[PDB]
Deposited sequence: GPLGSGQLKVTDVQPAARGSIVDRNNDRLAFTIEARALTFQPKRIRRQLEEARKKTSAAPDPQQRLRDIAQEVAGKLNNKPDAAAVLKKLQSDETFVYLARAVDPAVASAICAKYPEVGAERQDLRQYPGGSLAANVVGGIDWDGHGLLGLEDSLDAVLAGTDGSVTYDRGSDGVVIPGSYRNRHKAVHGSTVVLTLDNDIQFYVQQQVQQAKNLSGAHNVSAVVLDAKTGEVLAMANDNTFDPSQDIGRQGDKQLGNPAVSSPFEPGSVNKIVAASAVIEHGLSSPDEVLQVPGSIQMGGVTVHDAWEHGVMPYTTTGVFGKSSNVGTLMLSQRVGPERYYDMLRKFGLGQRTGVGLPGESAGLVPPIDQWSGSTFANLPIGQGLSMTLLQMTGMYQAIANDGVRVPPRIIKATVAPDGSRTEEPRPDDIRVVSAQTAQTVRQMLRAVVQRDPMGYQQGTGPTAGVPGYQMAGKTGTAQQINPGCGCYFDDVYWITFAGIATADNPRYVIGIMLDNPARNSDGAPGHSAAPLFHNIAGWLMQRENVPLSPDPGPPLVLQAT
């Protein structure tokens, strides 16, 4: 009497299959969910329950689309639609493997990475270490990552947030890349004292150098020119504190204190990336706005759905959001090249030279942010999120990469330190090579 719907499949942007169903026998007939990639993108895809309905991930959140509706006799069975993701399995597989061995090498508790298409904001890879395998029983995998931290688990971004300040001073005409500043080693601001990560007297950093060397004092001086209201406004335009709408269950909104509630010291913290939280996707989404000539396209991971007859409906495109002008966005991309610039004499070296890839105009930003000690309700001294976000490339934006490491003891490649810059190098360089992308004067970070 019952006519069963056949579960639809989940495929990547090139119709490469991630999840699909085969017919078997046991209550006699029995559908078997196949995951040919094992753990590949399982943070996104999810897994099935014993009854063949989704248990978690997109298998669950899109279950209605994928399961269809059983028929009877007459009511015709509505077979499940196939879901096409924006993911590129080749990119996802490379990125997911690099994330796992950045975790092993660095000693971090967890690692995640997001790659967005620069122009559309489509999610090309989203990965975390320790990803579970939905072809095996989930009750055997308590030691595994079953979820999707890149959207669910916010963190404080540290100096990667300084893209907001850079964008605001350039957009409002308050400074220019070549302005020579005078940056003391510390200032008193809103009742507190902010210090640069290195002791120094007054340095003649250019505005480019303030972000290239990640000077907190320089960042806050420039942020004083912007003001709290224009700064908070730019935070919101970059999409912070708000869900992206990417189409994945468990998305966190992060946390941005609304301006009417700031304490006297909020403005001394937010511009350098403390006192607010965001997900890795929001973080990467900020750099996508600058990559896309100032126009933020909220990221999306559903590309389309295919009906059982074979007809294809594209997912509707989210509306653009103008954050800064194209001229401003191009200026910020060029400035962020200083972060990855090498200088043997040290003077004109950024904080992330290992993130540079010779022959390409890589641009990016390093971050280190203290975490909150759960017992004192205060910051740890020596527990950090490490972050990096960057654009490949400044002159031709194609890819946007965001990375977070939860408290590594070493670099992402295993050398002493605690930088994610080498992970960006690996991924960004590989994206250029695999597409045979073809290959000016040094930037001035520090004047005389």
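*Asks:* Missing C-alpha coordinates: which residue stretches of the deposited sequence does that apply to?
*Replies:* In the chain as deposited, 1-11, 38-119, 167-183, 550-553 carry no coordinates.
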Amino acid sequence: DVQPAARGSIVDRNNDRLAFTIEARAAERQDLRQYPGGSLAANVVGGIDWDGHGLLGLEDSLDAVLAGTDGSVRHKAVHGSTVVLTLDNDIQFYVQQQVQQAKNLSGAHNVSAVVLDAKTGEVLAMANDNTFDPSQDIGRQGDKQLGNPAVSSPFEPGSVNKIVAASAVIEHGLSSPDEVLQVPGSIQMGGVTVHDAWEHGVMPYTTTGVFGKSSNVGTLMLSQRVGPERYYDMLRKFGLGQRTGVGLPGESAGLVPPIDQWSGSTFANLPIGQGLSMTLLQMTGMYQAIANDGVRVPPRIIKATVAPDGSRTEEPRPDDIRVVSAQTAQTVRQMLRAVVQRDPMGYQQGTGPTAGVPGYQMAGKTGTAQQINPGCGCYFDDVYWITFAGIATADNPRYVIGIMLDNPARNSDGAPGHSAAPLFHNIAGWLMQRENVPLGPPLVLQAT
From here on, numbers count along this sequence of modelled residues.
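*Asks:* Tell me which of 187-195 and 152-160 has the higher mean C-alpha B-factor in the deposited entry.
*Replies:* 187-195 has the higher mean C-alpha B-factor.
*Asks:* Once you work out the mean C-alpha B-factor for both 303-311 and 207-215 from the entry, which is higher?
*Replies:* Between 303-311 and 207-215, it is 303-311 that shows the higher mean C-alpha B-factor.
*Asks:* Looking at 290, 146, 376, 115, which has the highest CA B-factor as recorded?
*Replies:* In the PDB entry, the greatest C-alpha B-factor among 290, 146, 376, 115 is found at 376.
*Asks:* Checking the record values for 43, 61, 387, 30, which has the greatest CA B factor?
*Replies:* Of the options given, 30 has the highest CA B-factor in the PDB entry.
*Asks:* Compared with the other modelled residues in the chain, in which third is the CA B-factor of residue 200?
*Replies:* Ranked within chain, residue 200 CA B lands in the highest tercile.
*Asks:* Comparing residue 94 with the other modelled residues of its chain, is its CA B-factor in the lowest, middle or highest third?
*Replies:* Residue 94: CA B-factor falls in the lowest third of its chain.
*Asks:* Which third, lowest, middle or highest, does the CA B-factor of residue 78 fall in along this chain?
*Replies:* Its C-alpha B-factor belongs to the highest third of this chain's values.
*Asks:* Going by the CA temperature factor in the PDB record, which third of the chain does residue 334 belong to: lowest, middle or highest?
*Replies:* Within its chain, residue 334 is a middle-third residue by C-alpha B-factor, going by the deposited values.
*Asks:* Considering every modelled residue of the chain and its Cα B-factor in the PDB entry, is residue 327 in the lowest, middle or highest third?
*Replies:* CA B-factor rank for residue 327: middle third.
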